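These notes are about the structure you will find just below.
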Amino acid sequence: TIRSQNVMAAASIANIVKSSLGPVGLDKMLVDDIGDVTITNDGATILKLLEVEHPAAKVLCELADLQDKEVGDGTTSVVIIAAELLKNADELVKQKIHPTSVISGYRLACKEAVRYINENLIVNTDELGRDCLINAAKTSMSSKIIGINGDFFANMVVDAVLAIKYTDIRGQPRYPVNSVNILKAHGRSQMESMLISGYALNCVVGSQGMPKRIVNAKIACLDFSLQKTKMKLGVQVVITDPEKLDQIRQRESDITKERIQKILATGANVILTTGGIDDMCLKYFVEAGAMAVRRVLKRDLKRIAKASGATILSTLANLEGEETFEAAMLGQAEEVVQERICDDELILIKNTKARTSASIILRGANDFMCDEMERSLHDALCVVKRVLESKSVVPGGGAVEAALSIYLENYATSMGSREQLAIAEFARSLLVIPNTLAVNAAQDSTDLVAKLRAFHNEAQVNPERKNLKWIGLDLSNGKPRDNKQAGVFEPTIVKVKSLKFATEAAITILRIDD
Amino acid sequence: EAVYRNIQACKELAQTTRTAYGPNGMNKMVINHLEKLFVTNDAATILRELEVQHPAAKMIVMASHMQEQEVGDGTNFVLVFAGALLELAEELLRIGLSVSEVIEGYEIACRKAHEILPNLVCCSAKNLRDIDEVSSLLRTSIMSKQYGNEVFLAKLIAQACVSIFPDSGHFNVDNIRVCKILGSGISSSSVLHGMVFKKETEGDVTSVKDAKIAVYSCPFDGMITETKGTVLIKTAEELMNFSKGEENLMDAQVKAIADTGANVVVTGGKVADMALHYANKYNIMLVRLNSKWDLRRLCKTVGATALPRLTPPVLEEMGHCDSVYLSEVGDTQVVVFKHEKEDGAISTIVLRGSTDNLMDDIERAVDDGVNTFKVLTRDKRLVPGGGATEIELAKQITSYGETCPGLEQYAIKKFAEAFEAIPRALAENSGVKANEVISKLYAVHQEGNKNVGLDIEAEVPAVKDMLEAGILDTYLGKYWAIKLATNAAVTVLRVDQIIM
Amino acid sequence: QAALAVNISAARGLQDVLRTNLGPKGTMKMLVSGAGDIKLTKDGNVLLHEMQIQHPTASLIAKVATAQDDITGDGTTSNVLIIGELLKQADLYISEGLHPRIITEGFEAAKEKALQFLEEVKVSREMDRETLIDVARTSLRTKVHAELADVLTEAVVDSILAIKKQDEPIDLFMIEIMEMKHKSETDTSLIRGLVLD
Amino acid sequence: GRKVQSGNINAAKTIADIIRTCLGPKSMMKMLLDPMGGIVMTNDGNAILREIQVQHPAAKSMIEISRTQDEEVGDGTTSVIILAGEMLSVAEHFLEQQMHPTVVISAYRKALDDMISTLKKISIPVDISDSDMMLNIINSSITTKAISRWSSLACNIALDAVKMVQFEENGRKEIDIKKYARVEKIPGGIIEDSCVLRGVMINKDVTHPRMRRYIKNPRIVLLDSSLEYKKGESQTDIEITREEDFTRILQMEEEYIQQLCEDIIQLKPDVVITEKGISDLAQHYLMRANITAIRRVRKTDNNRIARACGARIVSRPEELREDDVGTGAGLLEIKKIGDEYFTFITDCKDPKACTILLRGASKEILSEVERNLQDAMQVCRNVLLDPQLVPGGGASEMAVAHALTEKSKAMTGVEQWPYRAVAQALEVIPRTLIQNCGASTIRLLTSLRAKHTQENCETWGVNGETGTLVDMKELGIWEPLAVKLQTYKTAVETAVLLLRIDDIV
Ligand SMILES: Nc1ncnc2c1ncn2[C@@H]1O[C@H](COP(=O)(O)OP(=O)(O)O)[C@@H](O)[C@H]1O
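This is the structure we're talking about:
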C-alpha cells in the first residue's frame, strides 16, 4: 500500500502542474520562501522552484528536471504523462497485475512508440516542402497578439532565418535566435517592419567625414574610443605630488587622438565606439571632434563582429587599443548604405560576406503595442528556431499522443502476454496530454479527445486518409486543426525523449514496492 | 432570514423537478405510501408522491394542480419557471430591491408577456379532424413525456380523439380512457370505440346492439358456509338453494328484459360455472371483475343506478351504451360498450404493456396527450415550444427593461432571465452545456428567425428551426402556464413569515 | 455590518465613567496608580489619563478629548457627555437603517448654527473684580470642596489681575504654584513676587 | 467551481470590503486596532493598505500591485482594489456555477480593450498652454482630496513646478516619476509666504557661517587640467590600531584633500563635486574662494544636481569652456533663514532636481504638497500626449458600463455574460459613493443609469460632496485620463492575475 501512497503523491504533484500545460495554461502559486510569492505558469520554473516532501515526488521531479536540462523544454509533459501512467499502473495493480508486468509493458510500449513515431509520423526537415505555409500558420499561432497584419511576419521570418547558417558538428542548419537583432522602434504606420539582411545601427551625424554615408565597397571591423574624462589612468595615487596626475590624462587623450588618426588614415568606414564613455565625454566630443557612436549595444557589437568574420580580439588585446591594429579587421560587407530609413537616421548594411547575421527595424506607431511587437517577434523567431534546429519534427499538440494511443491499443490487442493490459492502458493513459490541453483550452476534453481518437482511427485504419494523421490541438478552438495548413509543432527528438524519460520515471517509481 | 427560508423550498422543488423537464429528462422513482415502487417522468405525479411539508412548496404544488385543472400540458413548466423566478427574486432581494417593487415589475412584465406571446404565434392547427396535422401536434406532448414512442402514440391519439370531436364546439376529455393489457408489446396497442375491458365476461358472446345495460357494482358475493355452532355445518342445502336462487334470479332477469332490456351486466363478485350455463341458456353476459375505479367510472358514464344487490334488473338503470360488443385485438379478448350517436361518443385506447411500471408512465403520457388535444380544441393557435418561445419572450422582456426606466427595471431583467432559465434547464437535462447553447440560441434570435430552438438530440450545442422540425407547442397552454406561474410566484414572494 | 455599535457602546461606557462628575454637587473619582498610591480628582483631563481605559476606541476618545481640550481646558468633561449623547441619538437612528454620514452632516450644520447662536449668547463686559471672582468661583467650585473653593478663588483672581497690562495668555513664569505639606490649609493665598523652593 | 479559486475570490472581496466605503471625497472612517497599544483613525485607503498586511492569500499580489500603483501614481489609486474585488465577486458568480476559468479571461481582456476605447471617447478636451483653464480644473481636482484653504496657494506652485518639469526627456517627452521631484521640509516661518521655487535646495553648503554666497555662473572644476587624483589615499591604506591613530591616518588623506582643495581655492568655481568626502578644515579657508564643496554624493546626485546646474566644467574662473547643459542654472539664491542657510539654485527649461519653497509650523501642509504635485504630474503627463481627460469621480463609470453593455448586446458566444458582468461590476465606484453619502444606493444607481441611457448624457454622474445625481459636467470636478485608464489597466490586470491562479504551493 506504500506504493499506492507513492501513487497518490505523484498524482498530487502532477495535478499541481497539469493546469500549467500549454501556452494557455493557468498560472500557479508556489511559495519556496515566506518573503516572496512567485507567479509563473512555466513548467520548468514551477517544478524547479517547488518541492514536495514525499520521496516519490522527489524522484519524479528529479527525472523531470534531468529531462529538462538534458533535452530542453518538456518537463511539464514528462511529469503529467509519467504520473498519469503511474496512476493507471496502480489501477492495474489493483487488478492483481504485478508491478513487474506493467514495467515490461511500459518498456515495450516505449519501444513501440520510438519505432512508430520515427517511422510513420515524421517530416524530413523540409516541412514537406511547405515551409512558406507552416511558418505562415506558425506566425499566426505563435503570435495571437498581432492579429491582422500576419503573413508579412511569416514572409520575412522564412528567408531571414534561412539566410542564417551556423557552423557546428557536420554543419547542422541551426539558426539561433541571436542571429537576428531585434531593434525596438515606433512612430510610423503599423504595416511593415524592414528586416535588415545584415545589421543596422546609428552613428553621429554631421561628423560623418567618412564615406559610410554612401556605398562602401570595403569596410572595417574596428573598435573605437575617445576620452578626456579620466578614462585611462596609467599612474595612480601612490604619491601625493600635487600636480602629477593631470598631464597623463590629457596626454592619454592626445595619444588616443593619435590612435584615431592612425585609424582614420586607413579609413574603411566601419568605426564603432566601445563602452566606458562618460556622458561628459559624450557631450565634449560631439564638438571636440569624434568619429564615434553613442555606445551602441555591446551584444550587437559582438554579433556584428561575428557577422563580419573578424573580431577585434584577434588583433588587439582589448577593446580600446594602444598598439597599432593589424589589417585583420578589414571588413568585407558587400554594401553599406546610410538612409533616412523608417523616418530615422539608421545605417543599413547588407549581408556581410563570410559569417553573417540578420536584423530587423520596427516600423511601429506607439511605445506599448511596439513592445508587444518586439515580444511577438522574439516568440516567433525562437519557436521557428526550435522547429528548424530540431532538424526533425513530429506533429505537435495532441496529434502524436492520440495516434500513439490508438496504435498502442491495437498493438496490445495484437500482443498476447501477461502485460497485454499494460500496453493498452499505457495508451489510454497517454491521452492525458490531449486531455490536459483540452481542459486548459476551456473546452470539454471528453469531446476534443474523442475527435482526436476518431480522426486518428479513420486515418490509420483506412489508408485513403493519410493526411488525417496530422490533426491535434494545443489552443482554444472550436474544431481541432490539421498540422499541414496549421503549423503547431514540437521537435520529434525532444518529444520522443521526453516520452522515454516519462516511461523510465514510471518504471523507476513502480520498481519501488515496499 | 424568513423570506429567503421561504424561497429555499421553491428552490429545492425546482431543482427536484428540473431533471424531469421535457424529453431526454432524468427519470425518477417515487415510492407509494404502500411502498410500491415505480419510475416516472411526469412531474405532476412526482409532486403527487413527494410530500411537501414547507408551505411555499405547497404553494407551487397547487399552482401545478390549478394548471392540471386548466390545461394539463405545461404543468412542470409552471413549477420550474416559478423556481427560476424565485431564484432571480432572491438575487434581487440580495441586491436590496424591495419586495413590493419586485412584485410590481414581475406583474407588469407578465402582463406584457401575455400580450406579446400571441405575436410569437407562428401558425395554428388549421385542419383538425385530419390525422396528418393532429398527430404531429400530439407528437410534442408525447415526446415531452416519453421519447421512445414519438409517432406511434401520437398517431393513435390522433385517430382516437378525432373520433370524439363531432360537435365542433367542444368535447369532454373523459371520453378517452385507457384499459390495461399486461405482458404485451407497447407497439401492439390499438384504438377502439367505447369503453373496453380485458377481463373475462361470463356467458357466450351475444353482443346485442341494443343491450340496455343492467348496471350493478357487485350483484354477487363470494363463498361462505354456515357453522351450526363453533364447528361447521354438515348440509349442502345452503348451496343447492343458492344455486336455484341464482337460476331464478336470472330467470327474472330474462323476464325483466321487458322493462330493462339488459343482455349484459357487470359485477365485482365471483360467479360459478352454474351462472355460466344459466347465462348460456339465457343468452346474457356478465363481466366477473372490474376495479373500483373502473366500476365507478362505468357507473357515471352509463348514467344509471349501480348497487351491489342480488336483484333482477330494474327500470332505474337504463343503459347508455346499449350497443355492446366484444373484441380480441392485441391477442387478448375484451368486452366492448358503445353507442352509435356522435354526442358523447366515448372511445378508449387498448394500452398494451409488458411492464406496469412503464404502463402507468405511458398512462400519464396519454393523459397529457388528451389534455393537449383539449388545448388545441379550445384554441388552435400554436407557439414555437422547445425553448424558442422562452428566449423570444426573454429577449422582448429585456428590450422592455432596457427601454423602460424606473426601479422595476431589475425585475423586468430578472423575469427575462427566469424565462431564459427554462431552455438552460432543458439543456442540462438533455446533456449539453447550458451556457454555450443559451448564448448561441440567444445570438441567433437577435436577427432573422423568430422561432428557432435548440436540438436536444445533438451532442455539440446545436440550435434548429422549430417549424421544420414540428415540435411546436400550445398557445393557450403556455399563456396559462406563465399566468399561473407568475401568480403563484408573486403570492409566495409576498409572504414574509409563515405562522404556526 | 453595524460594527460602529461597539464604538457607540464604548462611548456609552466612557460617558458613564465620566458621568456623575459635573458641577460642584457632582462626585469626584480616584485614580489608583500601579504603585498603590492615591489620587483624587474631578477634572476629566486627568481622568482620561486613567490608563485602565479597558477598551481601545475608548482610549482613542480619551486621548483626542485631552488633545482638543488642552487648548482651553475649561470644557473637557462635558465634551465626553455631548459626544456620548450624539452617539446615543445616532444609535437610535442607525437602528432604523439610516446611514451615519448624513447624521454627521446634520451635526456639522447644527454646529454651524450653534456657534453663531453662541456668539449672541455671550455677554461682553470689562472684567471687573466682581464678575471675575464670580467666574473663577463657578469654574473652581466644580472641582474642589465647596467650603474651600472661595479662599482659592480670591488668590486666583488676584493672580490674573497681576498681569492685566497686556493680552498675553497664562504663563507659569508669572504664576508659579508652590506647595508644601501642612496640617491645615489656613488661607492658601498667593504671595506677591516669587517664592523659593 | 475550483475551490481554491473561490478562496482567492473571497480574499479579494474581503480586502475590497475593507476599503470599499473608504472611497470618494466623503469617505468613511476605518479603525486599526494595534494589539500592543494605540489606535489610528484614517480614511486614506492606502494607509490602511500599507498597514493591513495580515493577509496571506494570493491577495499578496493585489497588495503589491496596489503599492506599485501608489508609488507610480498614488492619488486616488485605492479604487483599483474596489474595482478588482467587485469584478472578482461577479466573476465567481459564473466560475462557481459552471467551470470556465479561461473564457472569463478573454472576456476581461475584451472588457479592458472596450473600456479603453470608450474612455478615449466620452472624455472632454482640455488645453495645456493657457492658464485660464487648467488652473481651474487642477485646482478643483486637488481640492477634492484634502485641502480647504491652501488650494489656491499650493496649486499654483505645484503646477508651475510641473510646467518647469515639462520637456525633460526630449525624446519620449516623458517627465520623471520621482527622480527629480524631491522636496525639502523647510521648517517654520510665516506659512503664507510659501511661494514658487523654480529650482532645487542645495542642502549641505551653508552649515558653517562662511561657506559661499551668490555666485552667478555655475563653474565647476574636476581632475582634468588643474586638479588631480593625488588628493586621495596618497600615502598608504588606512590601518586601525587605536582611535587617536585612526583619526590621524584619516586626517592624513583628509589633509591631502585639503591641499588640493586649497589649490581649488585659486580656481574659484561656483560649486565642486566629490564622491568620497571633503574636509571642513579646508572649507573654513574658502572666503576668497567663495566655493562650496559637496561630498559623498550618489550617482543620482551627480546626475540630477549637476544637470540641474548645467555646471560650467572650467579649469580657471576667468574662462568658459564647457557646460553640462548650457547655462542651465540661471540663478542661485540663499535666503537668510534657518541655522543652515537655505541655498536655492534656479534652473530654466531643463530637466532638474526639484524642490519647492515651503513654510509651515506643522508638517501636514509641508507633506500634502508632494502628493498634490504628483497628481499635477499625472495631469501634465497625460495632457501633453492626450489633450484629453475624463469625468471620473464615479460619473464616467455609468457611461462606460452603458457603452460596454451596448456593445455586448451585439456580441455572441459564451464570453458575453462575463463581459456584461464586468460592465455591471464597474458600477461599484458610483455605488460605493452613493452608499457612502447615505442616499438610496439602488434608486440613485437606477436613475443615473437610466439617464446615461439617454443620448449624449455620458458625463452625468453623482456628486460625492452632496449625495445626489447632479451632473458632473460644469460642476468643476474631473479626473485625469492617465489615472483613470491606468486604474482600469491595473484593475483588469490584477483580476486576470488572480483568476489565472488555480492552485497554491
Ligand atoms: N424533441 C424536442 N425538442 C425540443 N424541445 C422539446 C421537444 N419535445 C418537447 N419539447 C419541449 O419540451 C417542453 C417540456 O415541457 P413539459 O414540462 O415536459 O410539459 P408537461 O410536463 O406538462 O407534459 C415542452 O413544453 C416541449 O415544448
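Residue numbers (the entry's author numbering), protein chains in the order written: chain I, 16 to 529; chain H, 27 to 526; chain N, 17 to 213; chain K, 19 to 523. C-beta: ideal position from N, C-alpha, C; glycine also.
Buried versus exposed, by CB contacts within 10 Å (16 or more), residue 478/I
Walking along the first sequence from the start, residue 478/I turns up at place 463. Exposed, since its Cβ has fewer than 16 Cβ neighbours within 10 Å.
Do residue 227/H and residue 313/H have their beta-carbon atoms positioned less than 9 Å apart in this structure?
Indexing the second sequence from 1 puts residue 313/H at position 287. Indexing the second sequence from 1 puts residue 227/H at position 201. In this structure, residue 227/H lies closer than 9 Å to residue 313/H by Cβ.
Cβ-based neighbour list, residue 192/I, same chain, cut-off 6 Å, excluding 5 preceding and 5 following
For the purposes of this step, residue 192/I is taken as residue 177 along the first sequence, with counting starting at 1. Counting only Cβ-Cβ distances below 6 Å, and skipping sequence neighbours, we find 396, 397 and 400.
Using 10 angstroms around the beta-carbon of residue 93/H, count the other beta-carbons present and answer buried if the total reaches 16, otherwise exposed.
Within the second sequence, residue 93/H is the residue found at index 67, counting from 1. Residue 93/H is buried by the Cβ-count criterion.
Can a CB atom of chain K be found closer than 9 Å to the CB of residue 465/H?
Position 439 of the second sequence, counted from the first residue, corresponds to residue 465/H. Yes, residue 465/H lies at the interface with chain K (some Cβ there is under 9 Å from its Cβ).
Does the distance from the C-beta atom of residue 369/K to that of residue 193/K stay below 9 Å?
The count along the fourth sequence starts at 1 and reaches residue 369/K at position 351. The count along the fourth sequence starts at 1 and reaches residue 193/K at position 175. Cβ atoms of residue 369/K and residue 193/K: closer than 9 Å.
Using a beta-carbon distance cut-off of less than 8 Å, what residues from the segment 145-159 of chain N approach chain K?
Among the residues of the segment 145-159 of chain N, none has a Cβ less than 8 Å away from any Cβ of chain K.
Where residue 432/K meets chain H, residues with beta-carbon distance less than 8 Å:
One-based indexing of the fourth sequence puts residue 432/K at position 414. 461, 462 and 465, listed in chain order.
Spell out whether any CB of chain N is found under 9 Å from the CB atom of residue 57/K.
Within the fourth sequence, residue 57/K is the residue found at index 39, counting from 1. With 9 Å as the cut-off, residue 57/K counts as an interface residue toward chain N.
Closest to residue 143/N by C-alpha separation, out of 32/N, 205/N, 179/N and 58/N, would be which residue?
Taking the first residue of the third sequence as 1, we reach residue 143/N at position 127. Checked all of 32/N, 205/N, 179/N and 58/N; the closest Cα to residue 143/N is 179/N.
Cα-Cα separation, residue 421/K to residue 52/H
Looking up residue 421/K in the fourth sequence gives position 403. Looking up residue 52/H in the second sequence gives position 26. One Cα belongs to residue 421/K, the other to residue 52/H, and the distance between them is close to 42 Å.
Less than 9 Å between the beta carbons of residue 397/K and residue 159/K, yes or no?
On the fourth sequence, position 379 is the one that residue 397/K refers to. On the fourth sequence, position 141 is the one that residue 159/K refers to. Yes, the pair counts as a contact, with Cβ atoms nearer than the cut-off.
For the alpha helix (DSSP H) that residue 489/H lies in, which residues bound it at each end?
Translated into the one-based positions of the second sequence, residue 489/H becomes position 463. No alpha helix (DSSP H) contains residue 489/H, which is instead part of the beta strand (DSSP E) from 489-491.
Near ligand 1: residue 445/H beta-carbon under 8 Å from a heavy atom
Residue mapping note: residue 445/H aligns to position 419 of the second sequence, counting from 1. No, since every heavy atom of ligand 1 falls outside the 8 Å radius drawn around the Cβ of residue 445/H.
CB contact check: residue 264/I to chain K, cutoff 9 Å
Within the first sequence, residue 264/I is the residue found at index 249, counting from 1. By this cut-off, residue 264/I is an interface position.
To the nearest angstrom, how far is it from the Cα of residue 330/I to the Cα of residue 343/I?
Working through the first sequence from its first residue, we reach residue 330/I at position 315. Working through the first sequence from its first residue, we reach residue 343/I at position 328. Each residue's Cα considered, the two are about 7 Å apart.
What's the call for residue 319/H, buried or exposed, on a 16-neighbour Cβ count within 10 Å?
Position 293 of the second sequence holds residue 319/H. Exposed, by the Cβ-count rule.
Note down, in chain order, every chain K residue with its Cβ under 7 Å from the Cβ of residue 115/N.
Stepping through the third sequence from its first residue, residue 115/N is reached at position 99. Ordered by position in chain K, the residues that pass the 7 Å Cβ test against residue 115/N are 456.
First and last residue of the alpha helix (DSSP H) that includes residue 392/I?
Within the first sequence, numbered from 1, the residue matching residue 392/I stands at position 377. That run of the alpha helix (DSSP H) goes 382-404.
Just checking residue 68/H against ligand 1 - is the residue's beta carbon closer than 8 Å to any of the ligand's heavy atoms?
As a working mapping, residue 68/H is identified with position 42 in the second sequence. Yes, ligand 1 has a heavy atom inside 8 Å of this Cβ.
Under the DSSP definition of a beta bridge, which residues are partnered with residue 497/K?
Counting from 1 along the fourth sequence, the entry for residue 497/K is found at position 479. Note: residue 497/K sits in a beta bridge opposite 408/K.
Does any C-beta atom of chain I lie closer than 9 Å to the C-beta of residue 479/K?
Here residue 479/K is taken as the residue at index 461 of the fourth sequence, counted from 1. Not one chain I Cβ lies under 9 Å of residue 479/K.
Let's test the definition: count the other Cβ atoms within 10 Å of the Cβ of residue 264/K and tell me whether it reaches 16, buried, or not, exposed.
In the fourth sequence, residue 264/K corresponds to position 246, counting from 1. When all chains shown are included, residue 264/K counts as exposed.
Run through DSSP, which three-state label would residue 44/I get?
The residue labelled residue 44/I in the question sits at position 29 within the first sequence. In the structure shown, residue 44/I sits in a strand (DSSP, three-state: E or B).
Where does residue 219/H sit, in a helix, a strand or coil, going by DSSP?
On the second sequence, residue 219/H is found 193 positions in, with the first residue counted as 1. The DSSP-derived three-state label of residue 219/H is strand.
Starting from residue 205/H, trace the beta strand (DSSP E) both ways and give me its first and last residue.
Here residue 205/H refers to the residue found at position 179 when the second sequence is read from its first residue. Where residue 205/H is concerned, the enclosing beta strand (DSSP E) stretches over 202-208.
Would you kindly check if the distance between the Cβ of residue 482/H and the Cβ of residue 452/H is under 9 Å?
What you label residue 452/H is simply residue 426 of the second sequence in a count that begins at 1. What you label residue 482/H is simply residue 456 of the second sequence in a count that begins at 1. Contact annotation: residue 452/H and residue 482/H have beta-carbon atoms nearer than 9 Å.
What does DSSP give as the partner residues of residue 49/K in its beta bridges?
For the purposes of this step, residue 49/K is taken as the residue at position 31 of the fourth sequence. Residue 49/K pairs with 59/K.
Closer than 8 Å to a non-hydrogen atom of ligand 1 - does that hold for the CB of residue 366/H?
The residue labelled residue 366/H in the question sits at position 340 within the second sequence. Look at residue 366/H: its beta carbon is at least 8 Å from all of the heavy atoms in ligand 1.
Could you give the DSSP three-state label for residue 351/K: helix, strand or coil?
Walking along the fourth sequence from the start, residue 351/K turns up at place 333. In this structure, residue 351/K counts as strand in the three-state DSSP scheme.
What does residue 46/K touch in chain N if you count any residue whose Cβ is under 9 Å from its own?
To locate residue 46/K, count along the fourth sequence from 1; it is residue 28. Neighbours of residue 46/K on chain N, chain order: 116 and 117.
Which of the three DSSP states, helix, strand or coil, is assigned to residue 421/H?
Here the question's residue 421/H lines up with position 395 in the second sequence. Here residue 421/H sits in helix by DSSP.
Among 304/H, 298/H and 374/H, nearest to residue 289/H - alpha-carbon criterion
Here the question's residue 289/H lines up with position 263 in the second sequence. For residue 289/H, the closest C-alpha among the options 304/H, 298/H and 374/H is that of 304/H.
Quick check on residue 116/N: does DSSP put it in helix, strand or coil?
By one-based count along the third sequence, residue 116/N stands at place 100. Three-state result, residue 116/N: helix.
Between the C-alpha atoms of residue 139/N and residue 153/N, what's the straight-line distance to the nearest angstrom?
The residue labelled residue 139/N in the question sits at position 123 within the third sequence. The residue labelled residue 153/N in the question sits at position 137 within the third sequence. Using only the alpha carbons, I get a separation of about 18 Å.
Compare the beta carbon distance of residue 380/H and residue 236/H with 9 Å and say whether it is the shorter of the two.
Sequence index remark: in the second sequence, residue 380/H carries index 354 (1-based). Sequence index remark: in the second sequence, residue 236/H carries index 210 (1-based). No. Outside cutoff.
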